[PDB]
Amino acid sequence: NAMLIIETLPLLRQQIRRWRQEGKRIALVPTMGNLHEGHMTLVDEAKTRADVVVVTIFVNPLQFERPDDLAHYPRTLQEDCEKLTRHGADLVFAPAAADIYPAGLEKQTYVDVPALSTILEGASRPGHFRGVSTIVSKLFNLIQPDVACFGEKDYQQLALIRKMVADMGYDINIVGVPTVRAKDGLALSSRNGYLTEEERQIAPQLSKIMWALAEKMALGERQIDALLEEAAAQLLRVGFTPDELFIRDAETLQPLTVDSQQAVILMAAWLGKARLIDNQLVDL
């Protein structure tokens, strides 16, 4: 069937009710548009896990702590829909912010996930993760999916949503999808477009340094402090300006303990105009 494109809440409601009454398993892929091949692998994964796949395109003002950053977020609906139809999305839901938050942002009911919202990336971004957990909860309530796909690329987001889902009683399988990489290993991001030609040839070093760190851990290394210092050194020597680096429990993002079963390595570093990031799971 032709892909449906819905902008209003009443028309969305009609359709979701129909699918729920028909017994269709529903997958949800939340996005903010400006889609690339990474997003398309989310849709591909969703397709294997459900009867119908809903993809949202919504630049969420509640998660932008600088309100002007909304003004500058790329809007490319036609291009996004071209891609989505080709990957078999059944419904694209692309609402106006006025329809999602008609009572404004300050007095909008919100969902907050303690600790995961305020550590690491949340520490310098008060209110960002509240906006994420709120919109995702709302979309879950609107669309009633059995499965929802998120990129591992945005790892703290993924961990946050997993916690929310466990805590709030959602019967939803949260699927983390690995990042698409270039043949040279560079993780796919809209950010990559901001690199110069010379910078694009340095960029693959972030994953290589990460994977060197992960290999040491696979054998048994656990002096987290030293591992990270090394990696910041190497980032500098090959032309990045490192940001802070971390190795944390994959579920809580807290420092590893003897009960932690999985770690996540969290890399971030500047290359000219772009702050690039990557991550890697380590079985402990």
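Numbering starts at 1 and runs along the sequence shown.
Quick check on the record: does 93 to 101 or 119 to 127 carry the larger mean Cα temperature factor? The stretch with the larger mean CA B-factor is 119 to 127.
Residue range whose averaged C-alpha B-factor is higher in the record, 45 to 53 or 238 to 246
According to the PDB entry, the answer is 238 to 246.
*From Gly169, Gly193, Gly88, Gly151, can you pick the one with the highest C-alpha B factor in the entry?*
Of the options given, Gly193 has the highest CA B-factor in the PDB entry.
From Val29, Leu253, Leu228, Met40, pick the one with the largest CA B-factor in the entry? Of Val29, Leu253, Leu228, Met40, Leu228 has the highest C-alpha B-factor.
Please rank the C-alpha B-factors of the chain's modelled residues and tell me whether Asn34 sits in the lowest, middle or highest third.
It belongs to the middle third of the chain when residues are ordered by C-alpha B-factor.
What third of the chain, by the recorded C-alpha B-factor, contains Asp112? Tercile = lowest for this residue's CA B-factor.
Margin query: Test of reading the entry: by CA B factor among the chain's modelled residues, which third contains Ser207?
Written below: Middle third - that is where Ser207 ends up once the chain's C-alpha B-factors are sorted.
What third of the chain does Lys138 rank in for C-alpha temperature factor, lowest, middle or highest?
Lowest third.
What third of the chain does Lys163 rank in for C-alpha temperature factor, lowest, middle or highest? Its C-alpha B-factor, which the entry lists for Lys163, ranks in the lowest third among residues of this chain.
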